[PDB]
Student: 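Starting off with a structure, shown below.
Because only heavy atoms are used, hydrogens play no part in the values below, and waters and symmetry mates are left out as well, while side chains stay in. Labels below follow one simple rule: chain letters A, B, ... track the order of the sequence lines, proteins then strands, and each chain is numbered from 1. Counting convention: from 1, in listed order, for ligands and their atoms alike.
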Amino acid sequence: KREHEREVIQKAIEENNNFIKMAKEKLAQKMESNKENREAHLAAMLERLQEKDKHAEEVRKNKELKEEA
Amino acid sequence: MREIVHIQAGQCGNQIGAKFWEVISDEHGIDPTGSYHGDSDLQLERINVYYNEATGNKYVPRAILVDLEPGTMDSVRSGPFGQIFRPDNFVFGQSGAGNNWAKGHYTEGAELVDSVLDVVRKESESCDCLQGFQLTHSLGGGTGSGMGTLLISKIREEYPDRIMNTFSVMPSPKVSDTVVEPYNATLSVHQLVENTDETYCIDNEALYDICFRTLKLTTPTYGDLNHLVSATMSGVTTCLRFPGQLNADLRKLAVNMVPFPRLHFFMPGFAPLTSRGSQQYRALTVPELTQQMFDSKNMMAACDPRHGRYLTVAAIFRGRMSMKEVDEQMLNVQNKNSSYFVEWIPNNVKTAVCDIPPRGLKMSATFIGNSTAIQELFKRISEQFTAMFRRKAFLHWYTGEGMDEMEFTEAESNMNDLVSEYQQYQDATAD
Amino acid sequence: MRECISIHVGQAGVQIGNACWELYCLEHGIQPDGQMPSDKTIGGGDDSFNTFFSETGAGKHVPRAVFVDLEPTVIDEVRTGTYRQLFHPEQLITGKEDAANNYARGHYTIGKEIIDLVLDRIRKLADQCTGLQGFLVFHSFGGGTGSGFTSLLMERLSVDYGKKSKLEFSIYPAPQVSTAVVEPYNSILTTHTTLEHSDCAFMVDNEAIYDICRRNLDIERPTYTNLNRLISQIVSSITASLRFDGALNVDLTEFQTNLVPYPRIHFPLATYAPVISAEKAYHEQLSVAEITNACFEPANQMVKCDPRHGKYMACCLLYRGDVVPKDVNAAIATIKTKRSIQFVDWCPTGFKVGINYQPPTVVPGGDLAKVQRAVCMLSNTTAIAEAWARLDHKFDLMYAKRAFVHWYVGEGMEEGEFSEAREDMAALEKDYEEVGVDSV
Ligand SMILES: Nc1nc2c(ncn2[C@@H]2O[C@H](COP(=O)(O)OP(=O)(O)OP(=O)(O)O)[C@@H](O)[C@H]2O)c(=O)[nH]1
Ligand SMILES: Nc1nc2c(ncn2[C@@H]2O[C@H](COP(=O)(O)OP(=O)(O)O)[C@@H](O)[C@H]2O)c(=O)[nH]1
Ligand SMILES: Cc1cccc(C(=O)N2CCC(C(N)=O)CC2)c1
Ligand SMILES: Cc1cccc(C(=O)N2CCC(C(N)=O)CC2)c1
Ligand SMILES: [Ca+2]
Ligand SMILES: [Ca+2]
Ligand SMILES: [Mg+2]
Ligand SMILES: [Mg+2]
């Protein structure tokens, strides 16, 4: 009976520690996944704006080619 | 404080921008010299949203004036509230835009944009917590349309997580006979679909009709048209400037008003609208005020909401009135017209109330609609665009600046796609 | 010993917290400066009210509370209001930019910048407790902070305090006073994320409170102030077992044993009486029988639903004021004969009763009449799932078109989180059906 009593309380400790551990890991995974996602969305936005700037340089460059002719 | 930085570009942008600052200055008790002389603490509670506070308790509009010619801004500086603006916030060239979107966006405007960003950056660095920006401009000219959209994307690059808001004046042959306005407008809409979070569509077509049909002004001037614009701009910014629970900042308004990123073009409306000659036999009632703000005749965009469906709506009532009655009448108009509100966005109409009425009125109602009927406006522009582009008329103005026909075709398709998308959600059903 | 730490999150949580702590001070005789002349033990003690108030050596009685909001304007009114001396400055925590009615900003983009400071402040409160019992978390379902930041905080509290009990007072959205179209999204997201971290949650349907104010108090257009005064009375009834001592007093945790038969089935339905104006209460003494019968009037429930269309798994009566068991027993006998209260077949049918003798109190300038006796019924009925069903239906209408979803994805969330949360809600609705079916 003493052996069973020890197993019960160790079981209670283990499941509480495992709940904490699971919750900590899930939150770390979600916050990392969220950070990467938001950063990727911003990166795509800025990359589209940069392509516009590139296109702008091409337009001004194209005006010189026809003004020299 | 949640600061907004205001930019006005080109003739139309500076004209309507100046009136906006005159009107809200009067509402907040700020005189032309920047001193406060109001009589209500509600005027100053959120004053920092639009004004800086300098030495001597002066209030300076957080506003930047941009143009490629000095003419309009010189008259603004000489206007009533001209001395209120920060002198170092006037940025202007000399060459002008000549009503050419390419010169404003790629040529002359690109030469000046960096000096504009230097001023924007200075205003943003002295902000406790910058919300975002609001731009006033026309789409039919060269500077506001071309350089305005350029400023939008350059600011977007440096403040990618801030809210970008514009008041865009749509061209109409009833007001201006400049032939290339459909070109400039379509090219501008191309940029606005991608780079702004919310756009108030100020339609010169609707402003003229209101002045001529409703206000009975046979010869409407730009001053007449700007009275409607300034009254509309005061109304749609009320929730940002006074203590309020609903849509109290640019981002919460966008989250409430924009269910799909590209469909961020709003139809503004105002009530009451009455001519000086019409006698008001009885004070306006809440039911009449509510019914009037939902009528096509009171819309600042030449679109009939009964030709489409509402995705979202923001209403703002100003003045002393029964909130119980406002609630009942807003429920009534939604129940009586349920067919015109999409069923798959429940509770899509939100109502704000501010105790402080506009100048001269005891009560007013301001309307902000995200209606699929806005496609009528874009259809009008697309029809004028293709009538000129299918002949390739006047393209040398733009190709001479470096552009090619491909960019015209892409802007045309993007605007035509925007119309198809409005129709898509108009026809969508819950079942 | 047995201390309880209250956490008020977002505008709704903070403003309801204002009303609750003002009411507590009036019930206990604590002045706006924190002094309590009747408390003869200076700087400490183990009195029942010490579960909610610590004490300084200077005689100040300080709420065991943290206020948190992602913008400052609401908490700023506390910092400058009537009870500003009640709280230490570090108990009131604000950011600059709020969650903009976006769960993703409250849980991630904005919330992550302040979550560590919030936890450090909660730890300072916990360190002063000799036997911390748990947390009480007040928040809206619909706001970006109330939904997103609350769920982040609840996850972090499970990690930092293990299975230490966490109870919620959650404000369920109503169109009459709602401020965001996406409140159904935020509600499902936070309910899913918080479900395994909450031991017990009392939902307060703003539409039920709104109707009660209009119907029973003759308030034409109730404001947040009207609503929060009533909510505070219900909160006070529920926590009174923790703050007052009495022979007939029954601890909230003992009611909890009966109220929660399975971990997920932890949403009691609260009903409160009497709600009456001073003009109607004048010369009209409402007896134990009268306020008890009102508990089973659906119009007096804190959540709109029809218990007659579900099954009971528990019924608890929390009385306060001039009430003795004899009158309770007689009142219950009457109800047991005129209302068919149907229990599931696997649950005992006896009502659980507690009595706190301290009479109810009212805040000056309020709408509720002062009464000699009041009661809050806490029942576990399958009918409360009606509230989930209404929310889930609004969610489904919008999500089928992905309306507004880009606002959440833009802040880093994935569509998979929406379907995962919605599936958990569907399973929860199914759980509530299952527990009501009779045993084989
Ligand atoms: N009963 C009650 N409900 C409130 C109160 N304040 C806000 N609400 C409700 O809460 C919901 C909105 O959430 P809020 O608490 O205002 O938002 P928040 O938590 O501050 O989050 P964000 O402002 O988006 O950062 C709406 O359903 C409101 O009706 C209040 O003081 N009392
Ligand atoms: N409502 C209004 N519209 C204007 C005003 N000024 C110009 N517009 C319109 O704007 C278009 C011309 O653009 P404009 O602003 O003059 O070009 P820009 O100065 O190069 O940016 C035309 O369609 C005009 O009708 C004004 O003060 N009010
Ligand atoms: C973690 C855990 C462990 C045991 C039970 C639950 C639980 O809440 N239910 C809901 C009720 C359902 C039923 N009896 O039909 C069974 C599962 C959760
Ligand atoms: C009938 C009887 C006889 C003797 C003692 C009691 C009694 O004080 N309680 C406490 C309250 C409990 C309850 N159901 O709330 C029932 C037992 C009741
Ligand atoms: Ca003491
Ligand atoms: Ca199940
Ligand atoms: Mg011009
Ligand atoms: Mg808030």
Student: Can you list everything that forms a salt bridge (charged side-chain N to carboxylate O under 4.0 Å, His left out) with B:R2? Sequence neighbours excluded, please.
Tutor: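 Per chain and number, B:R2 pairs via salt bridge (charged side-chain N to carboxylate O under 4.0 Å, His left out) with C:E97.
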Student: Quick check for you: to the nearest 0.5 Å, what is the distance between C:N206 atom CG and C:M302 atom CE?
Tutor: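 Here the interatomic distance stands at 9.5 Å.
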Student: For atom 8 (O) of ligand 4, is the nearest protein heavy atom under 4.0 Å away?
Tutor: no
Student: In the protein, what heavy atom is nearest to atom 14 (N) of ligand 4, and what distance, to one decimal place, separates them?
Tutor: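 Its nearest protein heavy-atom neighbour is C:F351 O, 3.0 Å.
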Student: Can a salt bridge be assigned to the pair C:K352 and C:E254 using a cut-off of 4.0 Å between side-chain N and carboxylate O?
Tutor: yes
Student: Over 60° means perpendicular and under 30° means parallel, so classify the ring planes of C:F395 and C:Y185, tilted if in between.
Tutor: perpendicular
Student: Angle between ring planes, C:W21 versus C:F53, binned at 30° and 60°: parallel, tilted or perpendicular?
Tutor: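 Judged by the thresholds at 30° and 60°, the geometry between C:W21 and C:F53 is perpendicular.
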Student: Is the charged tip of A:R38 near the ring of C:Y108: under 6.0 Å from the six-membered ring centre and within 45° of its axis?
Tutor: no
Student: Quick one: name the protein N/O/S atoms under 3.0 Å from the Ca ion (ligand 5), chain by chain.
Tutor: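 Those protein N, O or S atoms (cut-off: under 3.0 Å from the Ca ion (ligand 5)) are C:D39 OD1, C:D39 OD2, C:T41 O, C:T41 OG1, C:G44 O, C:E55 OE1, C:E55 OE2.
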Student: What protein heavy atom sits nearest atom 15 (O) of ligand 4, and how far off is it?
Tutor: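 Residue, atom and distance for the closest contact: C:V353 N, 2.8 Å.
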Student: Salt-bridged, C:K124 to C:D127, with N to O below 4.0 Å?
Tutor: no
Student: Salt-bridged, B:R251 to B:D197, with N to O below 4.0 Å?
Tutor: no
Student: Going by the atom numbers of ligand 4, which of them fall below 4.0 Å from some non-hydrogen atom of C:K352?
Tutor: 15 (O)
